[PDB]
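Basis for what follows: all heavy atoms, side chains included, without hydrogens, waters or symmetry-related copies. Chain A is the first sequence line, chain B the second, and so forth, proteins listed ahead of strands; every chain is numbered from 1.
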Amino acid sequence: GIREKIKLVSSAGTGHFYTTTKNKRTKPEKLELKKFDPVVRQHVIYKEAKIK
Amino acid sequence: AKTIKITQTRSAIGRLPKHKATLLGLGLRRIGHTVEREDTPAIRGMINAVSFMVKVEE
Amino acid sequence: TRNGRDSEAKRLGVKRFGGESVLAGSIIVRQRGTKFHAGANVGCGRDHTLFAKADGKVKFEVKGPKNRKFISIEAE
RNA sequence: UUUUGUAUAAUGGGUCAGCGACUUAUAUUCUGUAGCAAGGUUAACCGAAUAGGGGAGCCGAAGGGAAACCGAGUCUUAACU
RNA sequence: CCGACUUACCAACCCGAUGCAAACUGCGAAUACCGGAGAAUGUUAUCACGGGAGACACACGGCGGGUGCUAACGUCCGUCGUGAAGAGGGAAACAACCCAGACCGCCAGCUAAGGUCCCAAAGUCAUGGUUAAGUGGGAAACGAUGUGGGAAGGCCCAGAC
RNA sequence: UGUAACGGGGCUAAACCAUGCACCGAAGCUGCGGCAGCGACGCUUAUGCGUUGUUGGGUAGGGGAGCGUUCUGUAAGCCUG
RNA sequence: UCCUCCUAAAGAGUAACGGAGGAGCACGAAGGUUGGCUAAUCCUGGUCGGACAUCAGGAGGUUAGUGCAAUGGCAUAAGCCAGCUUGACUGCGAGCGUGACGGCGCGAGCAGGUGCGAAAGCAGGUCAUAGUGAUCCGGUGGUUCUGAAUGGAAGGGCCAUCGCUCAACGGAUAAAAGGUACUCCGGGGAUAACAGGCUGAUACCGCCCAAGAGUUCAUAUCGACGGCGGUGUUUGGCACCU
RNA sequence: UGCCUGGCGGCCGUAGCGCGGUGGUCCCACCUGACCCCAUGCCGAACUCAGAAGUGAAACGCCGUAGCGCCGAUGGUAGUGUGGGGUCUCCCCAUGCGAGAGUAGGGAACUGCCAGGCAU
């Protein structure tokens, strides 16, 4: 179970976040995707952050 | 109406559940009990189903 | 020994047989592969489950050049 | 009595007489019965007193939601066919 | 280097013929299961809600099997019957096998399984065969001019054994 | 331990096979009389009464209806030298 | 604890310290869409090149491949290649399947917004089935929902999520190994040791065929390779009696 | 209404291979050329565009042919539900259902809609 879990924080300034897993040894670069933000009701860019 | 007489000739103690249900469908209740039923394919099939223990006279 | 393990039964098989009136969305058969293929008014779910899309009576038939078993929902 | 199963060579009793085991208090649910009925009922207490007074309270006729809140509607959801 | 022939040797693929498989299927039942329609029968036998349970050690017999030695009144499942929780009659006796389900009384009748010489109720019943071992009234591989019935075959009054 | 592998006596059928007709045989079924439960049906229901089907083996257990015993009211009544 | 086949008796389900194998992961592409393609193996020819690299043609028709075990699928490909992308969306869900329950699983369609495609349409993860942990307590972010006189706040709620090889995997606690012949109590022949019972693998004693040993000659006496029984008789098997 | 060709089906081998023959007026296929539209992990082979000099050689369609594949009775066999029986590891009887394999045999598809070309 080397694949550890992370969270994708929205760029819209709202505190919303998705959650998923990634292999930090073979993909060191950050993750960026367009996901739906239900607070603003628009598809915004989500950026990878520390799960904490 | 072309009826026939069915008479139970053997006990239903050790018989199958389906056999007991067939006997109840025919209306037989004990050994020697005779009932009169219509001569239809359904009654004929029930008789043939439990033919070893009933006797039909026509 | 080393042969004591087994898995729980998945309760597969045909759940609604031919000529049975069903409501829309009801499962007809739970299968592993595509043993039966979806016909008219029947959809194929994520795990290859064939489900009715409209109310009617189930119809089994053999069709296609590969003699595949199709399930369709006859109009009612 | 216990058992799948006991004449069992499985348990108990020598015999007789007396005594010996689902009760009592307080709460809760269901059934029957009696009173009153969208109402029913009082507890401590007063009282020469199982009467009468006492409605402090409890249950019911409204519910939804975690809640503010709304209400024959309410919750989810930005909003529900 | 190429190679040379044949040698009671093994042998891929393919072709023909013949088997085996629970974890093989180009085939494939009977049953069982689900649904629809119809008639008859059954004291709603069916389902839902509420009050009270008990039970979660099962046993044998038939059929389909795993495991064991195709051992066990062995063990574990499916399904039915019986016992559990069920008396009566039969199998000598014998919860589980066969016949059959006890509301009570009768010094009445007919039958089931099983029987009919005596214990002990009922045929020393009728017709035609078989057995000579008390076989019936416990058992196998194998051995034998025991004996009854049937269809052929080889040698034979140019003489068979 | 004693015949001890028909239950026994005994049987050349009183064994076996095939056919047929009798009879015995159970708390099964039928007859007669009696008690009780549940459904149809009708009475003028004493709210249970004719007929009528049909049911009545039973452990754990569930439901219903009772007998009898001591004490209290009825009861300073009633029975009893 | 979970997954696949058989046992499993042609619907479902079904046990054993039954027969065989796997899982406690992986993937920002190995997911979505559009467009395109067809393997395994063998023969022939060809420089290093070889039984086997890459090339051309033929036979073959999925015996190949699927991220991994097995089963069921798959050519319209679910298998392989390329372009663009995040539907690995948020709130819901008619109606079913499977569970005693907790729960687990399939699902068209509605609303907003998105990707691919000209479009019809497809997309709520991966061909499907393993890849997992209830609750309590505590941590982080968002939201006046709540806030014990009032206004805040602390704490609590809701939404999103984290921390258990709690692996004895429905988890007794955050936290736990041994001896008793010094023993002791409540029970069970529900369960072992002795003996009895059923059976006879094992043990013992016979019998069937006869290659051979016996100078020649199977059967005077033995008898290989094999076969069929008897006794209850050793060690057992079962747990029916105590 | 007759033949041939093309497109979309019904059906999924009695419909599929193999062998021999045959077809170009139209249709279809190979064919000619590639600045352009578009394309090759190289290549106008595929995909794409602009066309008609040549050929039915390949492919494809049609016809014939039993060397295969395929379909397939009747009868018998195996299995089995119910009841009964035996010498009970396995069978038999009454009754109902009844295969698989194999045998005789069948078999070179049949059909619907539209369009084009040639004859009536």
Tell me if [M] and [N] are paired here, counting Watson-Crick or G-U wobble when both donor-acceptor distances sit under 3.5 Å.
| N | M | value |
| --- | --- | --- |
| G:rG91 | G:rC110 | yes |
| G:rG97 | G:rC92 | no |
| G:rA128 | G:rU71 | yes |
| E:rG136 | F:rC11 | yes |
| G:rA220 | G:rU191 | no |
| H:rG44 | H:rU1 | no |
| H:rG79 | H:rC19 | no |
| G:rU242 | G:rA56 | no |
| G:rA218 | G:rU33 | no |
| F:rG57 | H:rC27 | no |

Counting only Watson-Crick pairs (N1-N3 plus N6-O4 or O6-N4) and G-U wobbles (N1-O2, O6-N3), all under 3.5 Å, who is the partner of [N]?
| N | result |
| --- | --- |
| D:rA72 | none |
| E:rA120 | none |
| H:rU103 | none |
| H:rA50 | H:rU32 |
| E:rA17 | none |
| E:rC58 | E:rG83 |
| E:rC110 | F:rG28 |

Mapping A:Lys52 and A:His43 onto RNA chain G by nearest heavy atom, which one lands closer to the 5' end? A:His43
By nearest nucleotide on RNA chain G, pick out whichever of A:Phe17 and C:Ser26 is the more 5' one. C:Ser26
Can you see if the side chain of [X] gets near the phosphate of [N] - specifically, an N or O under 4.0 Å from OP1 or OP2?
| X | N | value |
| --- | --- | --- |
| C:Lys66 | G:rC74 | no |
| B:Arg29 | E:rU43 | yes |
| C:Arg68 | G:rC74 | yes |
| C:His37 | G:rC74 | yes |
| B:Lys55 | E:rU111 | no |
| C:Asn67 | H:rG13 | yes |
| A:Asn23 | G:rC27 | yes |
| C:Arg46 | G:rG105 | no |

Sugar of F:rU12 - north (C1'-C2'-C3'-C4' positive) or south (negative): south
Taking atom [atom1] in both [N] and [M], compute the distance separating them and give it to the nearest angstrom.
| N | M | atom1 | value |
| --- | --- | --- | --- |
| H:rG20 | H:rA59 | P | 12 Å |
| G:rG189 | D:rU6 | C1' | 15 Å |
| G:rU132 | G:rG170 | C1' | 14 Å |
| G:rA56 | H:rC31 | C1' | 24 Å |
| G:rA239 | G:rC207 | P | 39 Å |
| H:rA15 | H:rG67 | P | 16 Å |
| E:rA30 | H:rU82 | P | 15 Å |

For a quick check of understanding: with a heavy-atom distance under 4.0 Å over all strands, which category does [X] fall into, base, sugar-phosphate or nothing?
| X | value |
| --- | --- |
| C:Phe17 | base |
| C:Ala24 | base |
| B:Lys18 | sugar-phosphate |
| C:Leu12 | sugar-phosphate |
| B:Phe52 | sugar-phosphate |
| B:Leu16 | sugar-phosphate |
| C:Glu8 | sugar-phosphate |
| A:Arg41 | base |
| A:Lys7 | nothing |

When rounded to the nearest 0.5 angstrom, what distance separates [atom1] in [X] from [atom2] in [Y]?
| X | Y | atom1 | atom2 | result |
| --- | --- | --- | --- | --- |
| C:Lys69 | C:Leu50 | NZ | CG | 12.0 Å |
| A:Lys27 | A:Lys22 | NZ | NZ | 9.0 Å |
| B:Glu58 | B:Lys5 | CD | NZ | 13.5 Å |

Ring centres of E:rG90 and E:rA91 closer than 5.5 Å, with planes less than 30° apart? yes
Using the six-membered ring of each base, decide whether D:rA44 stacks on its neighbour D:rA43 (centre distance under 5.5 Å, planes under 30°). yes
Given the structure, check if the side chain of B:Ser11 and the base of E:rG101 hold any donor-acceptor pair shorter than 3.5 Å. no
Could you tell me whether C:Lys63 sits above the aromatic face of C:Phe70, with NZ or CZ closer than 6.0 angstrom to the six-membered ring centre and within 45 degrees of the axis? no
